[PDB]
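Working notes, structure below.
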Amino acid sequence: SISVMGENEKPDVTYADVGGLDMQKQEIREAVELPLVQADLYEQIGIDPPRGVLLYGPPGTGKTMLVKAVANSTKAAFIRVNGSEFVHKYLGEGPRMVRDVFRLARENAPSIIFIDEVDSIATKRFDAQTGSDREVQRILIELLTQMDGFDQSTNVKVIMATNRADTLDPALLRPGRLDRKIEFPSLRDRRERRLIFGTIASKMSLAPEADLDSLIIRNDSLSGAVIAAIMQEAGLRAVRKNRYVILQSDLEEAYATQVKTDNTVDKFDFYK
Amino acid sequence: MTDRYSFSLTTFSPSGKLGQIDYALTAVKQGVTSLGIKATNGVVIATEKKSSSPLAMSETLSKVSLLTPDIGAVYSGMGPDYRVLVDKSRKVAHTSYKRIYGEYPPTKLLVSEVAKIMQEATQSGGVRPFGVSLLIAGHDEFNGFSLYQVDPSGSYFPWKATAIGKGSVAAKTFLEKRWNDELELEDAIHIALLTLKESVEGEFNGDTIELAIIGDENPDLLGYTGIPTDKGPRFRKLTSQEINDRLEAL
Amino acid sequence: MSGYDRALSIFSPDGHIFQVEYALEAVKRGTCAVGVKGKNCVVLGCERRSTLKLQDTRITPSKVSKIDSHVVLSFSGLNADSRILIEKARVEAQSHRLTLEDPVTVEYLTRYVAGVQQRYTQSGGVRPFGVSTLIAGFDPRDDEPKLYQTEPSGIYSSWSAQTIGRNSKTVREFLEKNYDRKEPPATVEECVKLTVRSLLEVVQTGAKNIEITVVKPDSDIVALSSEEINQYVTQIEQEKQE
Amino acid sequence: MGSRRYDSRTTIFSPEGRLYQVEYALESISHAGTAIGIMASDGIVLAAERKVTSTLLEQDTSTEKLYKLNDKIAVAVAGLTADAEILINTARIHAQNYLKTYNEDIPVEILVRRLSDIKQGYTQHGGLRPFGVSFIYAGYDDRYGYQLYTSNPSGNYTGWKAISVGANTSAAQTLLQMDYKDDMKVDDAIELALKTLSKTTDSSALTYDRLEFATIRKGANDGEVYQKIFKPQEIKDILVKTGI
Amino acid sequence: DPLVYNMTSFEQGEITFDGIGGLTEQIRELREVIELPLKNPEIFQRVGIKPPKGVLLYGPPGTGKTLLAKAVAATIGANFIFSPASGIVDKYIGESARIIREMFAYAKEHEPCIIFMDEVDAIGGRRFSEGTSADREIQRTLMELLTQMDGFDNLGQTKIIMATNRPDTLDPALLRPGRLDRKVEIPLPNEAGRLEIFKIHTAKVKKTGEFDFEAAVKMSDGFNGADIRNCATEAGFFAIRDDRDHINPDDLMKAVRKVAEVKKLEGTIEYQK
Amino acid sequence: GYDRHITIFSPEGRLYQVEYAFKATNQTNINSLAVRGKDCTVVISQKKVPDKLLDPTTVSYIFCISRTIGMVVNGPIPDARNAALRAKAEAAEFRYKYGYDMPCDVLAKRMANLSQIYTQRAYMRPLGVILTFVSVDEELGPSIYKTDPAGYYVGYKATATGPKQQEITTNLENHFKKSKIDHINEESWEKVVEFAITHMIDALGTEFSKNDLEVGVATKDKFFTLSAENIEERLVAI
Amino acid sequence: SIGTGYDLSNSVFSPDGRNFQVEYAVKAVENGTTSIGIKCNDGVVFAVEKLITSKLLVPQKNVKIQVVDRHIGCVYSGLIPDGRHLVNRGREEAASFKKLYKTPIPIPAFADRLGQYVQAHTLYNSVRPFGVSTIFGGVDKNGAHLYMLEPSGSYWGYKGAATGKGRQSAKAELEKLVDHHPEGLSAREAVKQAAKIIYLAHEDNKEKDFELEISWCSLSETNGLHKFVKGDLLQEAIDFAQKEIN
Ligand SMILES: Nc1ncnc2c1ncn2[C@@H]1O[C@H](COP(=O)(O)OP(=O)(O)OP(=O)(O)O)[C@@H](O)[C@H]1O
Ligand SMILES: Nc1ncnc2c1ncn2[C@@H]1O[C@H](COP(=O)(O)OP(=O)(O)O)[C@@H](O)[C@H]1O
């Protein structure tokens with residue numbers, strides 16, 4: 001039988017230990033826990049609740065993490081599952097593994113589940129000419145009906161996650177199954193980075209005698225996970241010189257440490 | 001000797017989309033950025049070179065090039081497959097139109113014959129297409145100022161304000177907002193200029209860039225003064241300080 | 001493939017040559033046709049596959065196709081290739097009439113256009129003529145009727161009747177039953193009711209679909225009127241009463 | 001050389017007895033635009049539904065789904081326009097050759113059996129592709145009066161009454177197969193066109209920029225026909241007279 | 001499975017850093033990162049770091065990285081496992097990948113303990129839109145790895161290091177820092193960097209002559225980091241074949257000259273950035 | 001095809017073949033360099049010699065094609081000479097037809113434009129070479145140009161070539177940012193030579209003879225190699 | 001270029017920039033007869049191992065040498081007929097030179113022709129390279145020369161030469177000889193110094209006997225023309241070189 005998690009552990013993070021992406025920090029809320037908590041106010045108008053969603057973007061950008069604080073703030077039952085274990089040696093182990101999880105949800109409902117990655121088991125064609133790659137499609141079809149077949153549940157729906165958002169069927173990507181899609185781009189806009197650096201930085205030791213705008217405006221094409229590395233590495237620009245609290249030039253010594261690898265790969269002999 | 005009249009590119013894949021064409025313009029998008037737009041009274045084209053190493057001179061390699069005193073063009077794609085066909089192109093304007101009539105050609109049909117340089121190559125035996133999708137700007141009297149894009153197939157479109165290359169889509173997404181139906185020149189070049197600067201890092205030095213226009217005649221350059229039936233060359237590019245003083249404005 | 005002898009050249013281990021038997025394996029997908037020679041007349045026939053009543057009725061490019069007053073041609077299958085053989089035959093007619101000061105035979109004609117195809121399948125950088133044709137008409141000042149059938153392999157073989165294209169084997173067995181080298185049909189209308197009747201198995205009584213000429217001595221060539229045809233289409237069906 | 005330059009797949013057959021490059025080409029067009037052509041008793045028309053409609057794309061100077069041959073014949077092109085400007089350059093001479101030696105204009109049945117016979121010419125000879133194209137025609141004479149034809153990339157031409165090409169067409173015929181009478185004045189023909197095109201395409205909005213068409217008539221009694229391509233303003237007139 | 005219960009062979013055994021040359025700074029770039037969490041973890045909490053998780057190597061092969069992959073075992077005394085990125089696949093789908101869950105948990109039940117993983121280019125693809133009927137299997141086998149190191153399942157107090165000879169072709173989603181927070185290249189070193197490596201073999205076996213290196217090593221601008229152990233033995237391999245069992249600097253020369261061209265005839269294939 | 005011939009690209013949007021032709025240029029582990037002057041230029045090319053049966057007067061990578069012009073090759077020889085020969089034959093045309101001698105720029109507007117034609121019509125493989133030129137023209141002064149298997153010919157302030165055209169340059173561009181001159185002084189055709197040799201040995205640090213190196217200088221109505229005894233004049237420094 | 005590769009057809013740069021359809025050839029010539037080329041201080045001299053492959057062969061009947069117009073000696077190796085081909089081009093073009101410029105042919109500009117005709121059989125797809133390793137050396141007002149030939153066209157100017165299955169053997173002596181004679185020998189004496197090679201080189205192939213032939217060209221002995229040598233000269237040599245190697 002598949003598993004479930006309460007308070008043996010948690011991810012041990014928070015909405016406050018994260019920042020930015022704030023418009024995504026509310027679209028997610030109204031789908032999931034507010035319906036679970038605040039029910040009547042929209043049952044004043046009784047429309048069917050929105051339900052589980054998708055969320056994509058380039059690798060990183062918190063595509064996998066944002067769950068973790070809301071997970072900490074769930075007040076319902078919840079899981080720890082990804083995609084590429086549904087497969088099994090035998091044939092019917094797969095689909096049999098997965099029919100019951102909704103029963104497990106329904107046996108413990110109201111609750112919700114999650115997947116960290118799905119693109120392995122979701123593609124456009126439900127390819128045909130091999131005894132193997134149909135048995136994955138059966139794992140796709142079964143949820144595709146258990147999601148929004150007859151009489152599914154009260155719950156919100158299987159929360160996706162990917163690095164890509166075109167490979168997979170529209171039959172799954174349409175209302176009643178994925179009523180919201182979400183992008184997580186970074187873009188290096190200056191409205192937010194001036195926080196989330198500080199968010200990541202305020203939690204950690206920091207010398208109030210130091211530059212900080214030495215790089216923000218200086219760099220404009222950035223992502224969200226790497227940036228921890230520079231102000232991770234900034235500390236490591238210190239202890240190598242057995243310094244116990246950081247200094248201003250650590251970041252400048254770090255600025256090109258993580259990023260500056262612009263372009264040298266066969267420049268002249270690229271195309272011409 | 002050369003036993004390979006076997007027609008390359010003549011194999012329609014079953015979907016109906018050709019093979020190398022959709023691969024050829026896979027290059028030009030991987031190529032550098034350019035653009036060129038239009039106004040009521042003048043025209044402009046520009047791009048940037050990316051020397052890629054310091055010591056190499058960056059004024060001999062003229063990416064923009066002349067083909068008539070009233071027409072001028074640029075690309076952004078592959079280089080060496082550009083400078084060969086202009087030499088055919090400008091030769092045509094002497095041959096197909098001038099020697100037989102006397103005049104220089106309009107641009108409703110120079111582009112047509114430049115296209116015919118191209119499709120005769122994607123259809124004969126063992127010949128790749130030219131990895132360029134250039135664009136020309138010219139002036140006439142039945143139609144005056146005008147603009148044209150081409151593509152390595154041969155399909156020429158007309159246009160009003162366009163970019164092609166690396167981040168052209170971002171620029172085509174950019175122009176049309178702050179574009180205007182009567183953006184005359186000295187603001188056109190500005191919006192044109194900044195239309196590139198977003199598309200670039202490294203350095204935006206005045207020497208980094210070339211550009212040019214087709215405006216009004218300038219018989220200070222015509223040299224052979226003493227003939228009222230010899231108008232001025234309507235085409236003329238610009239140097240690297242008169243660009244670099246519209247640039248100090250921003 | 002200038003030259004290159006792609007697979008037309010490559011014989012088979014069985015002996016055959018692939019692209020040729022392939023050709024007239026493709027020909028049967030096109031409109032049928034038919035020929036007959038009786039006592040004094042010669043007759044031809046084709047069909048029009050059913051359109052939506054838009055296939056332009058006036059100037060349709062038809063199956064019979066004259067050469068002179070005394071020769072015609074019908075064919076089967078491909079059409080863009082048909083139009084050149086019709087040209088580079090009648091070319092030789094106007095030529096043969098000139099440099100010999102007298103017109104063509106038919107045993108001179110089928111030899112040519114059956115020999116031409118052999119050059120379009122025993123040369124390089126050439127595809128065969130995916131087509132099969134027949135010739136029909138008299139020699140000059142002679143009562144004798146002749147038709148010759150020819151096909152892309154290059155062989156020509158005379159006949160008394162024959163059919164080409166689609167569902168011919170559903171047909172020619174009807175003709176060998178009725179038609180016989182014993183004794184022709186008497187005259188024109190005899191051949192036709194015999195001719196038309198043989199089609200009917202693949203016809204769905206589309207009288208519009210089928211189109212007919214005849215050929216007569218002294219080169220009295222003619223095509224016939226849908227009414228004249230349709231009033232055979234019915235009285236022949238009036239005979240169905242059993 | 002031969003063993004590795006695949007010059008064999010051209011100009012050869014299937015074992016099931018057919019061609020690939022042509023059934024591909026005939027399909028390859030259907031990704032492209034759309035056009036129609038009919039035959040009114042009074043005169044002739046055409047039309048073309050582009051798809052290239054970027055707003056700043058100039059689409060008002062001249063046209064590309066339509067061309068001319070001479071002062072009495074016109075067409076409606078479909079295909080890729082790198083493979084249209086050549087045979088047309090070989091057509092326009094032909095009239096200026098036919099007149100040049102017989103001082104009259106073309107019996108229009110003759111030239112399509114001069115244009116088709118170069119399209120066929122490549123799909124038998126050489127190892128070359130065909131012209132990936134399909135055409136319409138529209139012309140007038142005296143030994144047949146009015147006419148209308150249709151072609152193919154192989155070289156198989158056909159005379160037809162009222163036709164569509166390109167995309168999504170097999171219903172288009174079936175959308176009009178009821179509506180075609182034979183009386184067919186002109187001004188009860190164009191109503192069919194928009195009634196045709198405005199029920200098949202992307203956006204029923206159908207900006208005039210996304211549309212072209214032409215017309216033929218007999219305006220001078222005992223005189224030639226009036227080739228007239230319509231231009232934006234007068235395109236827009238009938239576009240809104242219908243009330244849409 | 002029992003196969004996880006077979007790999008662990010020399011989880012401790014110390015072959016220390018004195019037996020290595022050329023890499024006195026990479027190890028300064030690496031003794032930094034690994035041991036410190038596993039020595040003094042409160043520093044990253046003293047200072048406020050999300051600690052690292054993941055490292056790798058790159059550079060051409062036969063170069064000494066696998067030694068480094070084990071030389072850290074000597075410093076720690078703590079545990080270790082060796083394993084490839086090849087002997088994982090099999091017929092039954094998932095069985096290859098299930099193992100990955102079987103093992104990270106197996107780390108958690110006894111540590112300080114870390115992981116090595118060779119030749120990851122086999123599991124180092126860019127996730128393709130189109131595929132074969134089966135090559136996507138490794139991709140779904142991969143992303144479990146892509147998950148488990150940073151997935152929803154939190155992790156701490158274990159480490160992974162991987163290595164290739166082909167850094168390209170990799171799914172960038174792996175290369176997300178957080179999944180590995182520092183890179184490094186081990187090159188073929190300079191002559192002096194090639195010179196400590198030369199003498200360590202003499203440091204063990206019975207030397208007889210003076211140095212006689214600087215001109216010998218003048219030829220050493222061609223070798224790799226690992227052909228010299230062959231070279232070192234190859235001198236005595238036939239110094240003795242004349243039944244002269246006391247070696248010289250006379251005989252290696254015939255060897256070290258020889259190896260270069262037999263190495264040449266199938267050498268310098270590629271370098272992979 | 002798509003990885004064997006040239007006249008069909010990859011699916012990606014480039015090709016693979018010609019990218020190799022650049023690579024065989026390094027199939028001789030040779031380095032070269034070239035510089036400027038008010039009236040003078042220099043070119044040099046280190047010379048290897050395996051088995052000593054050769055006639056080192058016969059060995060040469062250099063081909064003074066004409067007066068006013070000079071060139072040296074890279075990569076292998078036999079695929080270079082045919083690129084040199086029609087060059088020499090061409091100057092029997094531009095002169096006989098357009099009056100006077102070829103500038104370099106028209107030449108490296110030409111000798112490349114056909115190398116492009118050798119990669120459309122693939123019957124002739126592209127020439128396995130990158131290639132340079134020198135001269136002392138009359139308008140623009142001592143000019144250098146580079147050429148290549150596909151033709152992004154470029155003028156230069158100086159050059160660098162071999163397997164090690166990354167650091168030899170770095171030993172050169174170090175001070176053309178300092179000295180603030182594309183030009184270089186010490187105009188006479190000797191002093192500029194030591195400049196070429198001192199900065200490279202500073203980048204390499206190896207001693208030489210007349211045996212193993214060479215010379216080539218562009219001068220008015222002149223171009224030639226010579227005797228390299230002036231290796232000595234570096235000696236006076238330290 | 002191991003299989004599913006590039007070595008099979010010409011003019012396809014293997015990704016290390018090589019024509020592996022070429023370097024198969026130099027093994028062919030390496031699987032052929034031996035021959036040499038030597039620079040006298042006043043001219044040249046050549047040699048070759050003629051190969052008895054049977055008893056029914058006639059001395060001085062079937063040579064393994066051809067010749068240029070008047071002076072330029074030329075030898076073969078590896079495959080003969082492909083060699084014999086371009087030697088017809090050798091005598092050909094030099095007449096086009098002579099008729100035009102009114103003189104005999106210089107040797108450097110000569111290779112400028114013959115070092116391209118073979119190069120121009122490398123670059124197409126529908127041809128084969130000459131599977132040989134030719135030598136030609138001669139004389140002129142500027143002195144004398146010697147030129148070895150490789151199929152890719154990598155011809156240089158040597159003072160001593162070798163080929164065949166006995167190269168590293170033979171050419172060693174040519175190096176071990178010349179250092180003892182920086183003078184540069186005259187003609188008659190280098191002859192026997194070279195026949196020393198072939199009766200030493202054949203040590204590989206002691207299953208059989210053989211014989212040889214000799215060239216000759218110098219200023220003091222022919223006015224600088226090519227020929228062979230007969231009578232007591234080479235007979236005094238073959239026993240001499242055979243005498244001093246036992
Ligand atoms: N905006 C942010 N705020 C706080 N932390 C961030 C942010 N962006 C990135 N991070 C840090 O980078 C890491 C990002 O992990 P993330 O959830 O992006 O995994 P992921 O790569 O999206 O997963 P997958 O590859 O399955 O999409 C987190 O561990 C977090 O510490
Ligand atoms: N720096 C070095 N010091 C000592 N031995 C080395 C070194 N580099 C390589 N070797 C030799 O290489 C072999 C294995 O090295 P390894 O780490 O596997 O390199 P690679 O992974 O490139 O093969 C051992 O036999 C070892 O002696």
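Each chain of the structure tokens is named A, B, ... in the order shown, its residues numbered from 1; ligands are numbered from 1 in display order.
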List as an MDAnalysis selection string the protein and nucleic acid residues near segment 51-60 of chain A, meaning an atom at most 8 Å away when only C-alpha atoms are counted, but skip any in the same chain fewer than 6 places from it. (chainID A and resid 31:32 155:165 176:185 224:225) or (chainID E and resid 172:173 176)
Identify, counting only C-alpha atoms and all ligand atoms, the protein, DNA and RNA residues located within 7 Å of ligand 2, and give them as an MDAnalysis selection string. chainID E and resid 19:22 60:68 197 225:226 229
Would you write out those residues with C-alpha atoms, as a PDB file, in the first residue's frame?
ATOM      1  CA  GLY E  19      50.746   9.836  -3.131  1.00  0.00           C
ATOM      2  CA  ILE E  20      49.412  12.430  -5.578  1.00  0.00           C
ATOM      3  CA  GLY E  21      50.679  15.498  -7.405  1.00  0.00           C
ATOM      4  CA  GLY E  22      49.562  18.282  -9.681  1.00  0.00           C
ATOM      5  CA  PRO E  60      40.050  13.772 -20.230  1.00  0.00           C
ATOM      6  CA  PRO E  61      40.445  10.263 -18.861  1.00  0.00           C
ATOM      7  CA  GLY E  62      43.333   8.341 -17.358  1.00  0.00           C
ATOM      8  CA  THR E  63      44.157  11.420 -15.369  1.00  0.00           C
ATOM      9  CA  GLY E  64      43.742  10.710 -11.643  1.00  0.00           C
ATOM     10  CA  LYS E  65      40.234  11.808 -10.789  1.00  0.00           C
ATOM     11  CA  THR E  66      39.179   8.388  -9.538  1.00  0.00           C
ATOM     12  CA  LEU E  67      42.123   8.504  -7.169  1.00  0.00           C
ATOM     13  CA  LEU E  68      40.817  11.771  -5.827  1.00  0.00           C
ATOM     14  CA  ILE E 197      53.647  12.185 -10.668  1.00  0.00           C
ATOM     15  CA  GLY E 225      48.343  11.694 -16.040  1.00  0.00           C
ATOM     16  CA  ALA E 226      48.373   7.898 -15.969  1.00  0.00           C
ATOM     17  CA  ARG E 229      52.989   4.236 -14.002  1.00  0.00           C
TER      18      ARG E 229
END
Please report, as JSON lines, each residue of chain D lying at most 7 Å from chain C, together with the nearest pair of atoms and the separation in Å rounded to one decimal; use only C-alpha atoms, and order rows by chain and ascending residue number.
{"residue": "D:2", "atom": "CA", "partner": "C:4", "partner_atom": "CA", "distance": 6.9}
{"residue": "D:7", "atom": "CA", "partner": "C:1", "partner_atom": "CA", "distance": 5.2}
{"residue": "D:8", "atom": "CA", "partner": "C:6", "partner_atom": "CA", "distance": 5.6}
{"residue": "D:11", "atom": "CA", "partner": "C:127", "partner_atom": "CA", "distance": 5.8}
{"residue": "D:12", "atom": "CA", "partner": "C:127", "partner_atom": "CA", "distance": 6.3}
{"residue": "D:13", "atom": "CA", "partner": "C:19", "partner_atom": "CA", "distance": 6.3}
{"residue": "D:15", "atom": "CA", "partner": "C:22", "partner_atom": "CA", "distance": 5.7}
{"residue": "D:16", "atom": "CA", "partner": "C:22", "partner_atom": "CA", "distance": 6.9}
{"residue": "D:17", "atom": "CA", "partner": "C:26", "partner_atom": "CA", "distance": 4.2}
{"residue": "D:18", "atom": "CA", "partner": "C:26", "partner_atom": "CA", "distance": 6.1}
{"residue": "D:120", "atom": "CA", "partner": "C:80", "partner_atom": "CA", "distance": 6.5}
{"residue": "D:124", "atom": "CA", "partner": "C:127", "partner_atom": "CA", "distance": 5.1}
{"residue": "D:125", "atom": "CA", "partner": "C:126", "partner_atom": "CA", "distance": 5.0}
{"residue": "D:126", "atom": "CA", "partner": "C:1", "partner_atom": "CA", "distance": 5.1}
{"residue": "D:127", "atom": "CA", "partner": "C:1", "partner_atom": "CA", "distance": 4.4}
{"residue": "D:155", "atom": "CA", "partner": "C:80", "partner_atom": "CA", "distance": 5.3}
{"residue": "D:156", "atom": "CA", "partner": "C:80", "partner_atom": "CA", "distance": 5.1}
{"residue": "D:159", "atom": "CA", "partner": "C:56", "partner_atom": "CA", "distance": 5.3}
{"residue": "D:160", "atom": "CA", "partner": "C:56", "partner_atom": "CA", "distance": 4.7}
{"residue": "D:161", "atom": "CA", "partner": "C:54", "partner_atom": "CA", "distance": 5.6}
Could you save those same residues with N, CA and C atoms as a PDB file, in the first residue's frame?
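Final file, again-v3.pdb:
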ATOM      1  N   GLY D   2      26.468   8.019 -57.178  1.00  0.00           N
ATOM      2  CA  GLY D   2      25.157   7.391 -57.145  1.00  0.00           C
ATOM      3  C   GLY D   2      24.841   6.690 -55.842  1.00  0.00           C
ATOM      4  N   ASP D   7      19.595  10.211 -55.821  1.00  0.00           N
ATOM      5  CA  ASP D   7      18.944  10.676 -57.033  1.00  0.00           C
ATOM      6  C   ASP D   7      17.966   9.653 -57.593  1.00  0.00           C
ATOM      7  N   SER D   8      17.613   8.636 -56.810  1.00  0.00           N
ATOM      8  CA  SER D   8      16.756   7.554 -57.274  1.00  0.00           C
ATOM      9  C   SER D   8      15.305   7.752 -56.881  1.00  0.00           C
ATOM     10  N   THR D  11      11.219  10.413 -59.722  1.00  0.00           N
ATOM     11  CA  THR D  11      10.840   9.953 -61.051  1.00  0.00           C
ATOM     12  C   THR D  11      10.763   8.433 -61.123  1.00  0.00           C
ATOM     13  N   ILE D  12      10.263   7.806 -60.061  1.00  0.00           N
ATOM     14  CA  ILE D  12      10.104   6.359 -60.012  1.00  0.00           C
ATOM     15  C   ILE D  12       8.828   6.032 -59.254  1.00  0.00           C
ATOM     16  N   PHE D  13       8.508   4.746 -59.219  1.00  0.00           N
ATOM     17  CA  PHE D  13       7.207   4.265 -58.796  1.00  0.00           C
ATOM     18  C   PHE D  13       7.278   3.499 -57.490  1.00  0.00           C
ATOM     19  N   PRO D  15       5.990  -0.013 -55.545  1.00  0.00           N
ATOM     20  CA  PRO D  15       5.588  -1.354 -55.964  1.00  0.00           C
ATOM     21  C   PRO D  15       4.092  -1.506 -56.059  1.00  0.00           C
ATOM     22  N   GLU D  16       3.342  -0.753 -55.266  1.00  0.00           N
ATOM     23  CA  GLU D  16       1.896  -0.725 -55.403  1.00  0.00           C
ATOM     24  C   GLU D  16       1.460   0.151 -56.563  1.00  0.00           C
ATOM     25  N   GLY D  17       2.396   0.786 -57.255  1.00  0.00           N
ATOM     26  CA  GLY D  17       2.072   1.425 -58.504  1.00  0.00           C
ATOM     27  C   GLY D  17       1.594   2.842 -58.356  1.00  0.00           C
ATOM     28  N   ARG D  18       2.441   3.699 -57.812  1.00  0.00           N
ATOM     29  CA  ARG D  18       2.109   5.108 -57.729  1.00  0.00           C
ATOM     30  C   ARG D  18       3.377   5.896 -57.459  1.00  0.00           C
ATOM     31  N   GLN D 120       5.078  18.336 -66.050  1.00  0.00           N
ATOM     32  CA  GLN D 120       5.309  16.941 -66.396  1.00  0.00           C
ATOM     33  C   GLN D 120       6.759  16.710 -66.775  1.00  0.00           C
ATOM     34  N   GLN D 124       9.317  13.361 -65.087  1.00  0.00           N
ATOM     35  CA  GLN D 124       9.736  12.206 -65.853  1.00  0.00           C
ATOM     36  C   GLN D 124      11.222  12.236 -66.123  1.00  0.00           C
ATOM     37  N   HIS D 125      11.727  13.354 -66.607  1.00  0.00           N
ATOM     38  CA  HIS D 125      13.139  13.490 -66.852  1.00  0.00           C
ATOM     39  C   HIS D 125      13.863  13.760 -65.540  1.00  0.00           C
ATOM     40  N   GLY D 126      15.187  13.814 -65.626  1.00  0.00           N
ATOM     41  CA  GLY D 126      16.022  14.261 -64.537  1.00  0.00           C
ATOM     42  C   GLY D 126      15.764  13.592 -63.206  1.00  0.00           C
ATOM     43  N   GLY D 127      16.199  14.255 -62.144  1.00  0.00           N
ATOM     44  CA  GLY D 127      15.961  13.826 -60.785  1.00  0.00           C
ATOM     45  C   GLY D 127      15.493  15.002 -59.967  1.00  0.00           C
ATOM     46  N   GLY D 155       0.951  18.015 -63.960  1.00  0.00           N
ATOM     47  CA  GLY D 155       0.692  18.453 -65.313  1.00  0.00           C
ATOM     48  C   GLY D 155      -0.679  18.063 -65.806  1.00  0.00           C
ATOM     49  N   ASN D 156      -1.557  17.640 -64.906  1.00  0.00           N
ATOM     50  CA  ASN D 156      -2.905  17.231 -65.265  1.00  0.00           C
ATOM     51  C   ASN D 156      -3.821  18.431 -65.115  1.00  0.00           C
ATOM     52  N   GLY D 159     -10.768  21.422 -67.044  1.00  0.00           N
ATOM     53  CA  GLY D 159     -11.767  22.468 -67.107  1.00  0.00           C
ATOM     54  C   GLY D 159     -12.805  22.240 -66.033  1.00  0.00           C
ATOM     55  N   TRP D 160     -13.142  23.304 -65.311  1.00  0.00           N
ATOM     56  CA  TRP D 160     -14.078  23.217 -64.207  1.00  0.00           C
ATOM     57  C   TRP D 160     -14.915  24.481 -64.121  1.00  0.00           C
ATOM     58  N   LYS D 161     -16.065  24.353 -63.457  1.00  0.00           N
ATOM     59  CA  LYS D 161     -16.992  25.473 -63.305  1.00  0.00           C
ATOM     60  C   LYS D 161     -16.604  26.381 -62.144  1.00  0.00           C
TER      61      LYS D 161
END
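Using only C-alpha atoms, the protein and nucleic acid residues lying no more than 10 Å from residue 26 of chain F, apart from those fewer than 4 places from it along its own chain, are residues 21, 22, 30, 31, 74, 75, 76, 129, 130, 161, 162, 163 and 164 of chain F; 16 and 17 of chain G.
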Hey, which residues sit close to ligand 1? Say within 8 Å, counting only C-alpha atoms and all ligand atoms, and write them as JSON, numbers by chain. {"A": [17, 18, 19, 20, 21, 56, 57, 58, 59, 60, 61, 62, 63, 64, 65, 66, 116, 117, 161, 162, 163, 196, 199, 200, 223, 224, 225, 226, 227, 228], "E": [50, 146, 147, 150, 151, 173, 174, 176, 177, 178]}
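If you look at atom CA of residue 78 of chain D and atom CA of residue 33 of chain D, they are 6.8 Å away from each other.
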For chain D, work out the contacting residues on chain F at 10 Å, counting only C-alpha atoms, and write them as a VMD selection string. chain F and resid 1 4 to 5 123
Store the residues of this selection in a file with N, CA, C and O atoms, as a compact mmCIF listing (two decimals), in the first residue's frame.
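Output file selection.txt is given in full below:
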# COMPACT_ATOMS: atom_id res chain seq x y z
N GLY F 1 23.14 12.00 -46.24
CA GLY F 1 24.24 12.89 -45.89
C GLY F 1 24.03 13.58 -44.55
O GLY F 1 23.77 12.93 -43.54
N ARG F 4 28.44 14.29 -43.98
CA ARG F 4 29.50 13.84 -44.88
C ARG F 4 29.79 14.86 -45.96
O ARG F 4 30.94 15.24 -46.15
N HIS F 5 28.76 15.32 -46.65
CA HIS F 5 28.89 16.32 -47.69
C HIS F 5 28.70 17.70 -47.06
O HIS F 5 28.58 17.83 -45.84
N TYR F 123 31.42 19.60 -55.67
CA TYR F 123 32.25 18.69 -56.45
C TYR F 123 33.72 18.81 -56.07
O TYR F 123 34.44 17.81 -56.02
